[PDB]
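Visitor: Have a look at the structure that comes next, please.
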Amino acid sequence: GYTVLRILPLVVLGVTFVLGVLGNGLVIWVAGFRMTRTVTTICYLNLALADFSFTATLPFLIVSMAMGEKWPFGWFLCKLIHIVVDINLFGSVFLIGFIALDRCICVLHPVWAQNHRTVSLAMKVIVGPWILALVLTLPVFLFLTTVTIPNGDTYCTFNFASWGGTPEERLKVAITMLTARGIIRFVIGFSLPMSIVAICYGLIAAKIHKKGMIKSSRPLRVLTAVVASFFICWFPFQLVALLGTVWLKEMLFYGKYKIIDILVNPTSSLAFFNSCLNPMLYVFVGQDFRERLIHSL
Amino acid sequence: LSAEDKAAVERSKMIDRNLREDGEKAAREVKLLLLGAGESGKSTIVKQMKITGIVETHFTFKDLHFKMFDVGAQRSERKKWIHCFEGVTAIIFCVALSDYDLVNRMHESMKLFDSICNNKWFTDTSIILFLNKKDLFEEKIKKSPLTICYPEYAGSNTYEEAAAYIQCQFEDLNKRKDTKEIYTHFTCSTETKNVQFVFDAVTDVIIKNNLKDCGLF
Amino acid sequence: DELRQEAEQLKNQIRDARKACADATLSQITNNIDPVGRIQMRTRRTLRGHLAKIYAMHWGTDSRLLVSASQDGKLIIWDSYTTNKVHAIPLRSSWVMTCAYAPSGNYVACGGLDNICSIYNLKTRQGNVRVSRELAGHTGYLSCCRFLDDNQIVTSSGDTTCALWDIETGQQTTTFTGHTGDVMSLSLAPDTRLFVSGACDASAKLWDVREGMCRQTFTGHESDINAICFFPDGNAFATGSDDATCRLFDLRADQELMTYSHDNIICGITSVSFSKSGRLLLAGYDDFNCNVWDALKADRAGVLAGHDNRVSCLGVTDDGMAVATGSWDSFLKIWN
Amino acid sequence: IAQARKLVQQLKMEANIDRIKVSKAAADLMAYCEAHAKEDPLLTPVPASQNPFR
Amino acid sequence: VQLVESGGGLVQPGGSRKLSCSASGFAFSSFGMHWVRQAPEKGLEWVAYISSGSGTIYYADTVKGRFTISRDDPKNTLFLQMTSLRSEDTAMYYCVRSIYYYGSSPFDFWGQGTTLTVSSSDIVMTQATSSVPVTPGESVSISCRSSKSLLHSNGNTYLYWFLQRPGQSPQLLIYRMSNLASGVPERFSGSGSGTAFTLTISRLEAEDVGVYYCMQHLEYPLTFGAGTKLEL
Amino acid sequence: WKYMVX
Ligand SMILES: CC(C)CCC[C@@H](C)[C@H]1CC[C@H]2[C@@H]3CC=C4C[C@@H](O)CC[C@]4(C)[C@H]3CC[C@]12C
Ligand SMILES: CC(C)CCC[C@@H](C)[C@H]1CC[C@H]2[C@@H]3CC=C4C[C@@H](O)CC[C@]4(C)[C@H]3CC[C@]12C
Ligand SMILES: CC(C)CCC[C@@H](C)[C@H]1CC[C@H]2[C@@H]3CC=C4C[C@@H](O)CC[C@]4(C)[C@H]3CC[C@]12C
Ligand SMILES: CC(C)CCC[C@@H](C)[C@H]1CC[C@H]2[C@@H]3CC=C4C[C@@H](O)CC[C@]4(C)[C@H]3CC[C@]12C
Ligand SMILES: CC(C)CCC[C@@H](C)[C@H]1CC[C@H]2[C@@H]3CC=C4C[C@@H](O)CC[C@]4(C)[C@H]3CC[C@]12C
Ligand SMILES: CCCCCCCCCCCCCCCC(=O)O
Ligand SMILES: CCCCCCCCCCCCCCCC(=O)O
Ligand SMILES: CCCCCCCCCCCCCCCC(=O)O
C-alpha cells in the first residue's frame with residue numbers, strides 16, 4: 001500500500017523518460033531541421049526544446065527520488081539540474097499557453113493572424129516566455145544549496161544560514177520566501193496558463209461550432225484531449241503544492257500535516273507525464289507532420 | 001579563411017534578410033485564382049472590385065489584401081500552366097447563368113469546372129463559385145424553358161427551383177467532398193455583397209488552413 | 001481531299017526512308033563497350049534562398065554563377081562554389097516558367113505567365129539590376145528562353161510559336177510557326193546555328209536560326225514533351241516527355257536511336273541534360289527524384305533523391321563539374 | 001486550308017534530306033563519347049584537390 | 001554617378017568636423033563605402049569603411065578611435081565625424097564607392113575629394129619606383145613588390161591598380177590583376193606571381209600620364225603604394 | 001517537509 005505508492009512515481013517516470021526522449025528527439029529533428037520554419041512549427045520546436053532538455057535532466061531526478069531524497073551528484077550540479085528543470089517546466093507551461101493563445105488568434109481573428117503573424121514576430125516574441133521562466137527561476141538560483149548532514153545524508157533542498165545568519169531572524173524570511181514561491185508558482189504557473197488554455201480552446205471550439213466546420217469528431221476529440229491532458233496532470237500537482245504552501249506553518253513549526261510530504265512524488269510524476277504526452281498530443285495529431293516523418297524515415 | 005568575400009557573405013545575408021522580408025510581405029497577401037469559361041461574366045465581377053497574359057488585381061477589404069489572378073484571357077493548354085497555382089487559397093470560378101441558351105456553353109462550363117475540381121493540384125483548394133447574370137437568367141427563364149440544356153430535369157420555370165437545381169448540379173460535380181467546400185453565390189448588382197462573400201469564404205478557407213496546420217482537421 | 005492525301009503520302013515516304021536507313025539499332029552496337037555507368041554523386045551544396053517553388057535555373061559559361069527563378073517573384077543569381085547569393089532580382093510578375101543566363105554573363109532573361117520576356121542587364125554602373133529590355137510579342141506564356149548572344153535571344157511560348165528576337169531592337173525578327181501544340185522547351189546546338197524545340201504535339205522540331213525554316217521533325221513520343229536537350233556533339237538530342245520515356249534522337253539519321261525507360265516509373269520527365277562527354281544522361285522526374293541513365297546502354301545507373309518535391313529543372317555546368325537540380329521544395333541542390 | 005498546304009510544303013522540304021546510315025552515325029556518336037571520356041568529372045570522380053566542390 | 005564631398009577647409013587642431021559625402025545616381029544602400037586620404041605630394045592611404053547595409057565597420061590601425069563613420073541610407077549620404085584632429089590629417093579625403101560580390105569591381109568610382117588643412121603587421125606595398133619619364137607611344141612596365149603573398153586559397157589574387165591624373169580624382173585601372181574595369185581602354189595588362197606584380201601599358205597616351213597606385217585588398221587595413229609618376 | 005519542484 002504505502003510502498004507501492006512510493007514506487008509508482010519511479011515506475012511511471014521511467015516510462016515518462018523513455019517515451020519523452022524518443023518523442024522529443026523526433027519532434028526536434030523532424031520539425032526542427034526537415035520542415036520549413038513557420039510559426040506553428042517554431043512554437044512546436046521551442047516546446048520541443050523546453051521538453052527535450054527537461055527529459056535529459058530527468059535521470060538525475062529519478063536517481064534522487066529512487067535513493068530516498070539523497071543527492072549523490074556534486075554541489076554545483078544539484079543547483080544546475082534544479083534550475084534546468086525549473087526553467088524547462090515554466091517554459092513548457094508558458095509555451096503551452098502560447099500555443100493555445102496562438103491558435104486562439106488564428107481562429108478567432110484570422111485577418112490579424114495573416115497580416116501581422118509572421119516568423120520574425122515569432123522569433124521576437126518567443127524569447128518572452130523564456131525570459132519570464134528565467135525570472136521565475138529566481139528563487140531556485142541563489143536560495144537552493146546542498147545541505148550536509150552529520151549523520152551522513154546529503155539533502156539538497158534549501159539553505160538560509162548564509163543569507164539571514166541566526167536561525168530565528170532567517171526563519172521569517174524563510175516562511176516569507178516559501179509562501180511567495182507558492183503564490184508565484186500557482187498564480188502565474190497554473191492559474192494563468194490553464195485559464196488561458198481553457199478560454200482559448202473554448203473560444204475556438206465555439207467559433208468552429210458556430211461556423212459549422214465540424215463535420216468529423218476529430219477537432220472536438222483533440223481539443224478536448226489537450227485540456228483533459230493539461231488539467232488532469234498539473235492540477236493534482238498544483239493543488240498539493242498550494243495546500244503545502246498554505247499549510248507551511250503547520251509543517252515547519254508543529255510538524256503535523258505529513259500527508260502533503262508523501263503525496264508530492266506521484267503528483268509530480270503525473271505533472272511530468274504531461275510533458276511525456278505533449279509531443280504526440282500537439283504535433284503528431286497533424287497529418288502533415290506524420291507525412292513528413294514517413295518521408296524522412 | 002575569407003579575405004574580402006566576408007563582405008560578399010555580408011551582402012548575401014543582407015539581401016537574404018531582404019528576401020525574408022519580401023517573402024513575409026508576399027505571404028501576407030492572400031492569392032485567389034479567378035477562372036471562368038466566358039470573359040464577360042468575369043469582367044462584370046472584376047469591374048466590381050475595389051479600386052497580355054495574366055491580369056493581377058490587387059485590392060484590399062477589411063485590412064485583408066487580395067490578389068485576383070485572371071488568366072482566362074490567355075488561350076493555351078491549361079494543364080501546363082495550371083500547376084503554378086498549387087499554393088493558391090481559393091478559385092473563384094465564375095460562370096454566367098445565361099450561357100445555356102447560346103452555343104452548349106453550360107456544358108463547357110461543367111467540363112471546365114469538373115476539370116479544375118478533379119485536378120490533382122486543387123485537392124485542398126476550397127473554391128468560390130459565382131453564378132453571374134441573375135437578371136438575364138430571370139429573363140431567359142421567362143422566355144425559354146430550361147429543359148433544353150438539362151434533358152433529365154423536370155420542373156417549373158421559376159427562378160427559385162431552377163437556380164437551386166443549377167447550384168446543386170455544380171456542387172455535385174466534385175468527387176472529394178471531405179477536404180474542399182464549394183461556396184456558391186449569386187452575383188448581384190451591388191459590389192458590397194460580392195466582396196463580402198469573397199471575404200467570408202476566404203476567411204473560412206484561412207481558418208481551415210490554419211486548423212489543418214495546427215492539426216485539428 | 002487531295003492535299004491531305006498528299007501529306008499522308010509524303011509522311012509515309014519519309015517514314016519509309018527513315019525505316020529503310022535503320023538497319024542496326026544502337027542496342028546491337030553498344031553490347032561491346034564497357035559499361036561504366038554505375039556512379040554515386042553526393043550533394044555538395046544546398047542553395048537555401050527561395051521561399052517558393054523553383055521553376056527553372058541555368059548555368060553560366062564560367063560555371064560559378066547560376067540564375068534561379070522561383071514563384072516568390074525572385075530571380076536569385078547564386079555563386080555555386082561559395083553558396084553566396086550574388087544577386088536577387090525582383091520580378092514585376094512573379095509567375096515565371098523559365099530563366100536564362102547569357103554566355104557573356106552580362107544579361108539574364110526571364111518569362112512566364114505574363115507572356116513577356118524580361119531581360120535584366122546585370123553589369124551596370126548603378127548598384128541595382130535594372131530591366132534592360134521588355135519583349136512583349138507573344139500571346140501565350142513563355143516556357144523556355146535561351147540567349148544566343150547578348151543581342152539575340154530565342155523564346156518558345158504557349159502561342160504555338162517560337163521567336164528569334166533582337167534585344168536592342170525590341171521586336172521579334174524571326175517567328176517559328178511549325179508546331180501545332182504549345183512549345184515547352186528549347187535547346188541550342190553548341191555552334192548556336194540551329195536549335196530544337198519540344199512541343200505538346202509529341203514532336204521535336206529542329207529549326208535553323210539564320211534561315212527561319214523547319215529543317216527536321218521528330219515524332220516518336222506518345223505523350224507531350226516537357227524537356228529537350230542537345231548532345232555535346234550537336235548531332236543528337238534527348239527528349240523527355242510525360243510518357244515516362246526519354247529518348248535520344250539522331251539528327252543525321254533523322255529518327256530515334258534508343259529509349260530510356262524503366263518499368264516501375266510511370267512518372268513524367270521534367271528536365272533533361274547531358275554531361276560534358278555525353279556518356280550519361282541526366283533526367284529529372286516528378287517521382288520527387290532524378291535519375292542518371294547510361295546514355296549508350298539505357299541502364300538507370302544513378303539515383304539522386306535529395307528533393308522533397310518534384311524537380312522542375314536541372315543544369316550541367318559548362319566545364320562539366322557539377323549538376324544542379326532545382327525542385328518545388330524551394331531547394332536547388334548541387335550534386336557532384 | 002493554307003495550313004494543309006504549309007504542312008505539305010514542310011514535308012516536301014523535309015523529304016530531300018540526306019539520310020545517313022544509323023550504324024555509321026551511332027559509331028560517330030560513340031566515338032565522340034569515348035574521345036572525351038577522360039574529360040568528364042561525372043564518370044570518373046575527380047579528387048578533392050582538383051575539385052572546387054568540397 | 002556622382003559623389004560630392006563637403007565639410008573641408010581650415011580646421012583648428014583638436015577640433016571636430018563632420019564630412020558629408022552626398023551620393024547621387026546609383027543604388028547607394030548596396031555599396032560599401034570607403035574613405036581614402038591623400039596627403040599633399042604623398043601616396044594614398046585608407047581611412048575607414050562601411051559594409052553594405054551598415055553591418056561591418058572598419059578603420060585603419062593608425063587612426064582608430066578618433067574617426068567615427070556612419071551611413072544615412074534614405075538621404076544617401078556618408079557621414080565622417082572627426083575629433084581630436086592632429087597635424088597629420090591635412091589631406092584630400094576621397095569618398096570611394098565599392099561593391100563586393102563574385103566578379104564585382106570594387107573601388108570603381110571615386111569622389112572628387114575634399115581638402116582639409118589643419119593649421120599648427122600591415123601588408124607593406126613596396127612601390128620601389130618613384131618616377132620614370134617615358135616618351136608616349138612606348139610600352140611601360142610598373143613593378144609592385146608586396147610583403148605578403150596575396151594569392152589566396154580560393155584563387156583570385158587581390159590587388160588593384162589605380163591611375164590618378166594631375167588635378168583629377170584617381171580611378172580604377174585594373175581590379176584583381178586579370179580584369180579590366182568598365183571604361184578603361186584595352187591597353188593595361190596585369191601579370192602577378194606570388195608577391196611580384198607587373199602593370200604593362202602597350203601604347204602610352206597623354207591621358208595615361210599620372211601616378212599609379214598599387215593597393216592590396218587581402219586584409220584590413222588596406223595599404224596603398226607610394227606611387228609611380230609618369231612624365232611626358 | 002519535502003522540497004517541491006516548481
Ligand atoms: C520503458 C519503460 C518501461 C522503462 C521504465 C523504467 C523502469 C522499469 C525502471 C527505471 C527505474 C527502476 C527502479 C529504480 C529503483 C528502484 C528501487 C528499488 O528498491 C525497487 C526497484 C526500483 C523501483 C526500480 C524498478 C524498475 C525501474 C522503475
Ligand atoms: C532507465 C533510466 C531511467 C535509467 C534508470 C537507472 C536506474 C535503473 C538505476 C541507476 C541508479 C541506480 C540506483 C543507484 C543507487 C541506489 C541506492 C541503493 O541503496 C538502492 C538501489 C539504488 C536506488 C539504485 C537503483 C537502480 C538505479 C536507480
Ligand atoms: C504576451 C506576449 C506573448 C505577446 C503577445 C501579444 C498579443 C497577446 C497581443 C499584442 C498585439 C495584440 C493585437 C493588437 C490588435 C488587434 C486587432 C483587434 O481588432 C483584435 C485584437 C488584436 C488582434 C490584438 C490581440 C492581442 C495581441 C495579439
Ligand atoms: C470557462 C470556460 C470558457 C472554459 C472552457 C469550457 C469549454 C471546455 C466548453 C465551453 C464551450 C463548450 C462548447 C460549447 C458548444 C459545443 C457544441 C456542441 O455541439 C459540442 C460541444 C461544444 C463544442 C462545447 C465543447 C466544450 C466547451 C468548449
Ligand atoms: C474550485 C476552486 C475553489 C479551486 C481553487 C484551488 C485553490 C486556489 C483552492 C483549493 C483548496 C482551497 C483551500 C482549502 C483550504 C483552505 C484552508 C482555510 O483555512 C483557508 C482557505 C483555504 C486555503 C482554501 C483556499 C483556496 C484553495 C487553496
Ligand atoms: C486570467 C487570464 C485572463 C486572460 C484574458 C485574455 C486571454 C486572451 C484572449 C484572446 C483574444 C484573441 C483576440 C480576439 C479578438 C476578437 O475578439 O475578435
Ligand atoms: C477526454 C477523454 C480522452 C479523449 C481522448 C481523445 C484522443 C483523440 C485522438 C485523435 C486521433 C486522430 C487520428 C487521425 C487519423 C487520420 O487522420 O488518419
Ligand atoms: C488519452 C489521450 C490520448 C491522445 C493521443 C494523441 C496522439 C496520437 C498519436 C498519433 C496516432 C496515429 C495513429 C495512426 C493509425 C494508423 O496509421 O493506422
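Letters for chains follow the order of the C-alpha cells (A, B, ...), residue numbers begin at 1 for each chain, and ligand numbers begin at 1 in the order shown.
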Compute the set of chain E residues within 12 Å of chain D, using only C-alpha atoms, and express it as a VMD selection string.

Guide: chain E and resid 153 to 155

Visitor: Which residues, written as a ChimeraX atom specification, have at least one atom at most 10 Å from region 166-168 of chain E, with only C-alpha atoms counted and residues fewer than 5 positions away on the same chain left out?

Guide: /E:111-113,209-211,229

Visitor: Could you tell me, counting only C-alpha atoms and all ligand atoms, which protein and nucleic acid residues lie no more than 10 Å from ligand 8, written as a PDB file with C-alpha atoms, in the first residue's frame?

Guide:
```
ATOM      1  CA  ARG A 221     -11.619  14.995 -29.692  1.00  0.00           C
ATOM      2  CA  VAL A 222      -8.179  16.616 -29.982  1.00  0.00           C
ATOM      3  CA  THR A 224     -10.903  18.011 -25.542  1.00  0.00           C
ATOM      4  CA  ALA A 225      -7.794  15.830 -25.145  1.00  0.00           C
ATOM      5  CA  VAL A 226      -5.444  18.822 -24.840  1.00  0.00           C
ATOM      6  CA  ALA A 228      -8.017  16.871 -20.405  1.00  0.00           C
ATOM      7  CA  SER A 229      -4.263  16.281 -20.536  1.00  0.00           C
ATOM      8  CA  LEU A 277       2.491  13.323 -23.717  1.00  0.00           C
ATOM      9  CA  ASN A 278       2.978  16.864 -25.132  1.00  0.00           C
ATOM     10  CA  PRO A 279       4.786  15.993 -28.460  1.00  0.00           C
ATOM     11  CA  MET A 280       2.188  13.398 -29.521  1.00  0.00           C
ATOM     12  CA  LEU A 281      -0.797  15.492 -28.405  1.00  0.00           C
ATOM     13  CA  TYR A 282       0.375  18.698 -30.072  1.00  0.00           C
ATOM     14  CA  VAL A 283       2.371  17.716 -33.157  1.00  0.00           C
ATOM     15  CA  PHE A 284       1.639  14.086 -34.076  1.00  0.00           C
ATOM     16  CA  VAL A 285      -2.099  14.738 -34.482  1.00  0.00           C
ATOM     17  CA  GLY A 286      -1.254  16.774 -37.593  1.00  0.00           C
ATOM     18  CA  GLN A 287      -1.201  14.674 -40.760  1.00  0.00           C
ATOM     19  CA  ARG A 290       3.073  12.401 -39.978  1.00  0.00           C
TER      20      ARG A 290
END
```

Visitor: I'd like the neighbourhood of region 229-237 of chain C as a count of residues only, where a residue qualifies if any of its atoms comes within 8 Å (using only C-alpha atoms), though same-chain residues fewer than 2 positions away should be ignored.

Guide: 23

Visitor: If DSSP is run on the backbone, what residues of region 45-279 of chain C are strand (DSSP E or B)? A reply as a PyMOL selection string would be ideal.

Guide: chain C and resi 45-47+54-59+65-70+74-79+84-90+96-101+107-112+117-121+130-135+142-147+152-157+162-166+172-176+183-188+194-199+204-208+214-218+225-230+236-241+246-250+255-260+269-274

Visitor: As a list in words, please: every protein or nucleic acid residue near ligand 5 (cut-off 8 Å, counting only C-alpha atoms and all ligand atoms).

Guide: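 The neighbouring residues of ligand 5 are, in order, residues 239, 242, 243 and 246 of chain A.
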
Visitor: Find the residues near residue 1 (chain F): any atom within 10 Å, counting only C-alpha atoms, skip ones fewer than 2 places away on the same chain, and give them as number ranges by chain.

Guide: A: 157, 244, 248, 251-252, 255, 257-258, 260-262; F: 3-4

Visitor: Using C-alpha atoms, can you write the selected residues to a file as a short mmCIF file (atom, residue, chain, number, x, y, z; two decimals), in the first residue's frame?

Guide:
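Contents of the output file part09.cif:
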```
data_model
loop_
_atom_site.label_atom_id
_atom_site.label_comp_id
_atom_site.auth_asym_id
_atom_site.auth_seq_id
_atom_site.Cartn_x
_atom_site.Cartn_y
_atom_site.Cartn_z
CA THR A 157 16.66 21.44 -0.71
CA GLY A 244 1.54 22.74 1.13
CA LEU A 248 3.63 25.50 5.56
CA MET A 251 4.59 21.62 8.75
CA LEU A 252 7.57 23.76 9.84
CA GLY A 255 5.11 19.21 12.01
CA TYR A 257 0.49 17.66 8.22
CA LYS A 258 2.64 14.84 6.83
CA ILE A 260 1.38 16.53 1.73
CA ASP A 261 5.04 15.47 2.09
CA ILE A 262 4.44 11.87 0.97
CA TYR F 3 11.19 20.08 -1.46
CA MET F 4 8.67 20.68 -4.25
#
```

Visitor: Based on only C-alpha atoms, which of the residues in chain E come within 9 Å of chain B? I want them as a PDB file with N, CA, C and O atoms, in the first residue's frame.

Guide:
```pdb
ATOM      1  N   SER E  30      23.377  49.457 -51.481  1.00  0.00           N
ATOM      2  CA  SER E  30      24.040  48.220 -51.870  1.00  0.00           C
ATOM      3  C   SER E  30      25.529  48.406 -52.150  1.00  0.00           C
ATOM      4  O   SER E  30      26.147  47.530 -52.763  1.00  0.00           O
ATOM      5  N   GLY E  32      29.286  49.213 -50.344  1.00  0.00           N
ATOM      6  CA  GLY E  32      30.217  49.552 -49.291  1.00  0.00           C
ATOM      7  C   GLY E  32      30.965  50.830 -49.620  1.00  0.00           C
ATOM      8  O   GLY E  32      31.220  51.158 -50.779  1.00  0.00           O
ATOM      9  N   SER E  51      30.432  48.415 -44.606  1.00  0.00           N
ATOM     10  CA  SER E  51      29.840  47.403 -45.470  1.00  0.00           C
ATOM     11  C   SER E  51      28.417  47.795 -45.862  1.00  0.00           C
ATOM     12  O   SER E  51      27.766  48.608 -45.200  1.00  0.00           O
ATOM     13  N   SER E  52      27.961  47.233 -46.987  1.00  0.00           N
ATOM     14  CA  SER E  52      26.610  47.465 -47.498  1.00  0.00           C
ATOM     15  C   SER E  52      25.551  47.081 -46.471  1.00  0.00           C
ATOM     16  O   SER E  52      25.478  45.927 -46.040  1.00  0.00           O
ATOM     17  N   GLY E  53      24.735  48.056 -46.080  1.00  0.00           N
ATOM     18  CA  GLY E  53      23.737  47.843 -45.054  1.00  0.00           C
ATOM     19  C   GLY E  53      24.204  48.135 -43.648  1.00  0.00           C
ATOM     20  O   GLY E  53      23.554  47.682 -42.697  1.00  0.00           O
ATOM     21  N   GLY E  55      26.622  47.066 -41.797  1.00  0.00           N
ATOM     22  CA  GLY E  55      26.856  45.885 -40.991  1.00  0.00           C
ATOM     23  C   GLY E  55      28.222  45.789 -40.344  1.00  0.00           C
ATOM     24  O   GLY E  55      28.321  45.549 -39.137  1.00  0.00           O
ATOM     25  N   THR E  56      29.284  45.969 -41.127  1.00  0.00           N
ATOM     26  CA  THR E  56      30.644  45.666 -40.681  1.00  0.00           C
ATOM     27  C   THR E  56      31.536  46.878 -40.939  1.00  0.00           C
ATOM     28  O   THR E  56      31.987  47.102 -42.066  1.00  0.00           O
ATOM     29  N   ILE E  99      31.829  47.644 -54.178  1.00  0.00           N
ATOM     30  CA  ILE E  99      30.811  46.603 -54.076  1.00  0.00           C
ATOM     31  C   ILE E  99      31.505  45.248 -54.086  1.00  0.00           C
ATOM     32  O   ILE E  99      32.503  45.048 -54.788  1.00  0.00           O
ATOM     33  N   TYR E 100      31.028  44.340 -53.241  1.00  0.00           N
ATOM     34  CA  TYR E 100      31.692  43.058 -53.036  1.00  0.00           C
ATOM     35  C   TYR E 100      30.728  41.915 -53.335  1.00  0.00           C
ATOM     36  O   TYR E 100      29.868  41.578 -52.516  1.00  0.00           O
ATOM     37  N   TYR E 101      30.889  41.328 -54.516  1.00  0.00           N
ATOM     38  CA  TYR E 101      30.354  40.019 -54.847  1.00  0.00           C
ATOM     39  C   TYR E 101      31.319  39.380 -55.835  1.00  0.00           C
ATOM     40  O   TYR E 101      32.350  39.966 -56.180  1.00  0.00           O
ATOM     41  N   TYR E 102      31.013  38.150 -56.248  1.00  0.00           N
ATOM     42  CA  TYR E 102      31.850  37.468 -57.229  1.00  0.00           C
ATOM     43  C   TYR E 102      31.811  38.190 -58.568  1.00  0.00           C
ATOM     44  O   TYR E 102      30.740  38.374 -59.157  1.00  0.00           O
ATOM     45  N   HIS E 152      45.328  34.132 -52.563  1.00  0.00           N
ATOM     46  CA  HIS E 152      44.509  33.487 -51.556  1.00  0.00           C
ATOM     47  C   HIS E 152      44.208  32.052 -51.994  1.00  0.00           C
ATOM     48  O   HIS E 152      44.476  31.657 -53.132  1.00  0.00           O
ATOM     49  N   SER E 153      43.669  31.258 -51.061  1.00  0.00           N
ATOM     50  CA  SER E 153      43.422  29.841 -51.319  1.00  0.00           C
ATOM     51  C   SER E 153      42.333  29.623 -52.363  1.00  0.00           C
ATOM     52  O   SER E 153      42.346  28.606 -53.065  1.00  0.00           O
ATOM     53  N   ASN E 154      41.391  30.560 -52.486  1.00  0.00           N
ATOM     54  CA  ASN E 154      40.305  30.409 -53.447  1.00  0.00           C
ATOM     55  C   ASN E 154      40.721  30.752 -54.874  1.00  0.00           C
ATOM     56  O   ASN E 154      40.014  30.376 -55.815  1.00  0.00           O
ATOM     57  N   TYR E 158      44.349  39.330 -54.815  1.00  0.00           N
ATOM     58  CA  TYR E 158      43.651  40.594 -54.576  1.00  0.00           C
ATOM     59  C   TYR E 158      44.643  41.749 -54.657  1.00  0.00           C
ATOM     60  O   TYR E 158      45.386  42.011 -53.708  1.00  0.00           O
ATOM     61  N   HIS E 217      44.055  44.240 -51.395  1.00  0.00           N
ATOM     62  CA  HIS E 217      42.771  44.107 -50.719  1.00  0.00           C
ATOM     63  C   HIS E 217      42.620  42.699 -50.164  1.00  0.00           C
ATOM     64  O   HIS E 217      41.617  42.014 -50.380  1.00  0.00           O
ATOM     65  N   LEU E 218      43.638  42.240 -49.444  1.00  0.00           N
ATOM     66  CA  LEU E 218      43.618  40.917 -48.835  1.00  0.00           C
ATOM     67  C   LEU E 218      43.143  40.961 -47.389  1.00  0.00           C
ATOM     68  O   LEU E 218      42.301  40.155 -46.984  1.00  0.00           O
ATOM     69  N   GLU E 219      43.670  41.895 -46.599  1.00  0.00           N
ATOM     70  CA  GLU E 219      43.300  42.035 -45.200  1.00  0.00           C
ATOM     71  C   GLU E 219      43.121  43.507 -44.867  1.00  0.00           C
ATOM     72  O   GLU E 219      43.731  44.381 -45.489  1.00  0.00           O
ATOM     73  N   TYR E 220      42.277  43.770 -43.875  1.00  0.00           N
ATOM     74  CA  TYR E 220      42.224  45.135 -43.373  1.00  0.00           C
ATOM     75  C   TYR E 220      43.313  45.346 -42.322  1.00  0.00           C
ATOM     76  O   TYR E 220      43.569  44.452 -41.511  1.00  0.00           O
TER      77      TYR E 220
END
```

Visitor: Show which residues sit within 12 Å of residue 298 (chain C), as a compact mmCIF listing (two decimals) with N, CA and C atoms, in the first residue's frame. Count only C-alpha atoms, and ignore same-chain residues fewer than 6 positions away.

Guide:
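Output saved as around_28.txt:
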```txt
# COMPACT_ATOMS: atom_id res chain seq x y z
N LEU C 26 21.05 0.82 -82.02
CA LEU C 26 22.22 1.15 -81.22
C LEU C 26 22.42 0.16 -80.08
N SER C 27 21.35 -0.51 -79.63
CA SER C 27 21.47 -1.55 -78.62
C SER C 27 22.26 -2.75 -79.13
N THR C 30 26.04 -1.35 -78.93
CA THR C 30 26.61 -0.96 -77.65
C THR C 30 26.93 -2.13 -76.73
N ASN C 31 26.70 -3.37 -77.17
CA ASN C 31 26.99 -4.53 -76.32
C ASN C 31 28.48 -4.76 -76.12
N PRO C 35 30.46 -1.16 -69.83
CA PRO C 35 29.52 -0.37 -69.03
C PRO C 35 30.17 0.24 -67.80
N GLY C 37 28.61 2.80 -66.20
CA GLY C 37 27.51 3.68 -65.83
C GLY C 37 27.40 3.92 -64.34
N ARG C 38 27.62 2.88 -63.53
CA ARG C 38 27.35 2.91 -62.09
C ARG C 38 28.20 3.94 -61.35
N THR C 245 9.17 8.10 -70.69
CA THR C 245 10.27 7.66 -71.53
C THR C 245 10.97 8.90 -72.06
N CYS C 246 12.28 8.98 -71.83
CA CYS C 246 13.09 9.99 -72.50
C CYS C 246 13.91 9.28 -73.57
N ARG C 247 13.87 9.79 -74.79
CA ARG C 247 14.50 9.09 -75.90
C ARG C 247 15.44 10.00 -76.68
N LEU C 248 16.60 9.45 -77.04
CA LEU C 248 17.55 10.18 -77.86
C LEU C 248 17.14 10.15 -79.33
N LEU C 257 17.10 6.79 -81.90
CA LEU C 257 18.13 5.78 -81.69
C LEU C 257 17.76 4.80 -80.58
N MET C 258 17.36 5.32 -79.42
CA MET C 258 17.12 4.48 -78.26
C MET C 258 16.24 5.23 -77.27
N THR C 259 15.58 4.46 -76.41
CA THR C 259 14.63 4.96 -75.43
C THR C 259 15.10 4.57 -74.04
N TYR C 260 15.10 5.54 -73.12
CA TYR C 260 15.49 5.36 -71.73
C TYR C 260 14.20 5.32 -70.92
N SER C 261 13.77 4.10 -70.59
CA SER C 261 12.52 3.86 -69.87
C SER C 261 12.70 2.69 -68.91
N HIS C 262 12.24 2.86 -67.68
CA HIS C 262 12.24 1.80 -66.68
C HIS C 262 10.79 1.42 -66.37
N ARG C 279 28.25 10.58 -72.00
CA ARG C 279 28.09 9.16 -71.71
C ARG C 279 26.87 8.90 -70.83
N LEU C 280 26.56 9.82 -69.93
CA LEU C 280 25.42 9.67 -69.04
C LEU C 280 24.46 10.83 -69.21
N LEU C 281 23.17 10.49 -69.22
CA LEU C 281 22.07 11.41 -69.44
C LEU C 281 21.38 11.68 -68.12
N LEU C 282 21.33 12.95 -67.73
CA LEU C 282 20.57 13.35 -66.55
C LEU C 282 19.10 13.50 -66.93
N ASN C 291 17.21 10.83 -62.09
CA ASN C 291 17.93 9.64 -62.49
C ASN C 291 19.07 9.99 -63.44
N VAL C 292 20.04 9.08 -63.51
CA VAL C 292 21.22 9.21 -64.37
C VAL C 292 21.27 7.93 -65.19
```

Visitor: Could you pull out the alpha helix (DSSP H) residues of chain D, going by DSSP on the backbone, and write them as a PyMOL selection string?

Guide: chain D and resi 2-15+22-35

Visitor: Using only C-alpha atoms, can you tell me which of B:34, B:194, B:89, B:63 comes closest to residue 207 (chain B)?

Guide: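 For residue 207 (chain B), the nearest of the given residues is B:89.
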
Visitor: Kindly provide, as a list in words, all nucleotide and amino acid residues lying within 8 Å of ligand 6, counting only C-alpha atoms and all ligand atoms.

Guide: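 Selection of residues at most 8 Å from ligand 6: residues 101, 104, 105, 108, 109, 191, 192, 193, 195, 196, 199 and 200 of chain A.
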
Visitor: Write out as a PyMOL selection string each polymer residue whose atoms come within 12 Å of residue 208 (chain B), counting only C-alpha atoms; drop sequence neighbours fewer than 4 positions from it.

Guide: (chain A and resi 103+106-108+110+204+207-208+211-214+219) or (chain B and resi 89-90+124-126+179-181+201-204+212-217)

Visitor: Quote the spacing between CA of residue 152 (chain C) and CA of residue 317 (chain C) in Å to one decimal place.

Guide: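 Computing it gives 22.0 Å between the two atoms.
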
Visitor: As an exercise, work out the distance from CA of residue 265 (chain A) to atom 24 (C, counted along the ligand's line) of ligand 2 in Å and give it to one decimal place.

Guide: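 Answer for the CA of residue 265 (chain A) to atom 24 (C, counted along the ligand's line) of ligand 2 separation: 17.3 Å.
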